[PDB]
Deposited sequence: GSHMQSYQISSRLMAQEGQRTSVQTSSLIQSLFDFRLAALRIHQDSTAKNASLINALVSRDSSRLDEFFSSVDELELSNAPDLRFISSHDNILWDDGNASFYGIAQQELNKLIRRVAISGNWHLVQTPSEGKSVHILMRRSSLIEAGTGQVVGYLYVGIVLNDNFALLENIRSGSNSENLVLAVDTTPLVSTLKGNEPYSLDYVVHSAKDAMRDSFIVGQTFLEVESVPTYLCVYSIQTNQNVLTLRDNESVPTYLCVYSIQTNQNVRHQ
């Protein structure tokens, strides 16, 4: 049923965000991180995160960077691969004002605007305090792994993650009877290929992220 797959899709989505939050908040309390940081040895923080992912590459964020006010002490350097300019990253610092909550934000890239789910976690020190903030983000554009993981987890035929009429990522192979174009401009829960619509909530808050789910009669 509509609301039932929609419900499942949302939980699968929540599941991925929960995994990142948990690891984020846990790493935010790792002395190693805190001291590697305080040393302001920008370049030392590098092996550290490499170690964190070394053991969990699967659940790693697409981008990480540490802030201290409008300053950026460190950046894993992935923002660049996404065409995100170091300066836009600074603007995100402000955007994601509070901690403990995921933020759906969009940034200009070397092309279309990139949609990102970001979250901030305070970096406190051994019994002193805030030495900075760790920001982690998930880039939605072309994030095939994220969408496919939801498709399989929900045993859906195909999924399309979009913003309005513009697709961010799709699981369609291309050999389907229906095209991406049809799926995005389709009318919800109506045919040979029933297309459900699910607007994802982030932190129980409504968003414009729409997941189109396709199922054949």
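**Q** From the N-terminus onward, what segments of the deposited sequence lack any C-alpha atom in this model?
**A** Those parts of the chain that were deposited but carry no coordinates are 1-20, 148, 212-213, 241-270.
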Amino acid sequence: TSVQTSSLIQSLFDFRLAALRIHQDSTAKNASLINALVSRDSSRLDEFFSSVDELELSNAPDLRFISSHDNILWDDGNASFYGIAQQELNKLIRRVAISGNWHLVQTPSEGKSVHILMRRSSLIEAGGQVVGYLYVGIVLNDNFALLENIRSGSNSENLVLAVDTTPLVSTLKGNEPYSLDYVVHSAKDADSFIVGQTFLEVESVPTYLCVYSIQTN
From here on, numbers count along this sequence of modelled residues.
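**Q** Per the record, averaged over C-alpha atoms, which has the higher B-factor: 132-140 or 76-84?
**A** The deposited B-factors put 76-84 ahead on the C-alpha mean.
**Q** If you average the Cα B factors in the entry, which is higher, 96-104 or 143-151?
**A** Per the deposited B-factors, the answer is 96-104.
**Q** Taking the values straight from the PDB record, which of 63, 161, 34, 180 has the highest C-alpha temperature factor?
**A** Answer, based on the entry's C-alpha B-factors: 34.
**Q** Just grab whichever of 171, 156, 26, 39 has the top CA B-factor as deposited.
**A** The listed residue with the largest C-alpha B-factor is 39.
**Q** Where does residue 214 sit by CA temperature factor within its chain: lowest, middle or highest third?
**A** Its C-alpha B-factor belongs to the middle third of this chain's values.
**Q** For the chain shown, is the CA B-factor of residue 115 in the lowest, middle or highest third of its modelled residues?
**A** Its C-alpha B-factor belongs to the lowest third of this chain's values.
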